[PDB]
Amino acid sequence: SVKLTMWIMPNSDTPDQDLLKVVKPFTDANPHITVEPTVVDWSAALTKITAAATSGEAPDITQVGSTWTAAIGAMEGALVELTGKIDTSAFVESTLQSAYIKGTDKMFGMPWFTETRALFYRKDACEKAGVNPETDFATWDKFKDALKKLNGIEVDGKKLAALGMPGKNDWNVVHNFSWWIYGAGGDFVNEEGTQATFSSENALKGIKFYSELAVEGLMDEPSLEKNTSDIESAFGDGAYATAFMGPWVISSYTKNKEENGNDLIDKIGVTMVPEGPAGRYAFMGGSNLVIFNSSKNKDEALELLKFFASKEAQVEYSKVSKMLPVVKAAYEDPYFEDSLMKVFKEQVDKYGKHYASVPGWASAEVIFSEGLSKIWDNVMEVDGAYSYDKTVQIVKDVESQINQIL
């Protein structure tokens, strides 16, 4: 008897039991192997994974955020190197970038799922404001003009803010700036991933354009004090005409209808992020699976990773989590005929950009979270009138620290 233990982040409504249903055919086929998952929240996941990779008190397998895989893989003796042990030919090729440490051929993670952030909108709000969501969100400029028509629009008995986005207290602070920086023609690092570059003229233009949506009254200011979880539920309760969100919110909005009679899920559509002056770019995220080097059952752990990469396991976890499969053949399933999900798939395939997979990037994300949130403090005028020059100073200070980290 072999007991495999697994750490997962909260990818679905009931994470441990949802995972156990997906792995049931594996444990039915292998009666000598059991799978025991434990949930670790996103806020503590980096610290807990790092400590486990060093101390030795570790599960066999853990989920790792795709942007963290290089940081954990670069710790000596932390992870099993997976090169040659996983057959990558079945995978969407773009998903492998985060599985390797950049500048090396070393693969320490297996892609498990991907995600992107798309533009959710209220159909009833758009029709009341005279906004055509087929065309009026296509570019930055048209998107901004649509927000002006949507700001304060009354639908049913209440007025909606045009755009609702979080500002603080999770990893999504940098993720939500990423594609505005890309769309402006900027980037976070140079091609080598050795030097920070997000204080460039273009990167600041994207930061300026996005953050000043709130200065101009089009983004709900109180929501900038809150985290992603708070703003997703606010959108599901009808507070905003639009919001940029991951696909997982569809699970929660569907449940709200089944449990509370909340009809929000029937009133929304999704489109790709507006195109900026650089062309269209989108945040590309997701998670990998890794095997700890301290595992006493690496062969069985490898069999489980291969199962998670199988076509049907990819389809089933996508159905419950709404995350995107990383295996090409999963998209032959009729489920991916859904109009909402197809937008996330088309966006990430054509326009998804992932951060440089460098060891210092996980540490940099902690720095971004703090620093980019000060830009929202500036916009919200908690300490004096808003000044773009203060934003410039904040980004310059963040850039210097990340350069030391890199």
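In this text, the rigid core denotes the largest set of C-alpha atoms whose superposition between the two forms falls within 1.5 Å. Counting begins at 1, following the sequence as shown.
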property: Farther-lying stretch by C-alpha RMS in 5 other deposited structures of this protein, rigid core as reference, of 142-150 and 250-258; result: 250-258
property: Greater Cα displacement in 5 other deposited structures of this protein once the core is superposed, comparing 289-297 with 98-106; result: 289-297
property: Between 196-204 and 126-134 (mean CA B-factor, as deposited), the higher; result: 126-134
property: Mean C-alpha B-factor comparison - 253-261 and 138-146, higher one; result: 253-261
property: Residue, from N30, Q63, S373, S66, that the PDB entry assigns the highest Cα B-factor; result: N30
property: Top residue by Cα temperature factor, when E232, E212, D187, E81 are compared in the entry; result: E81
property: Where the record places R117 (Cα B-factor, split into thirds across the chain); result: lowest
property: Entry-reported Cα temperature factor of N288, expressed as the chain third it lands in; result: lowest
property: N172 by Cα B-factor - lowest, middle or highest third of the modelled chain; result: lowest
property: CA B-factor ranking of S295, expressed as a third of its chain; result: middle
property: Third of chain Cα B-factors occupied by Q393; result: middle
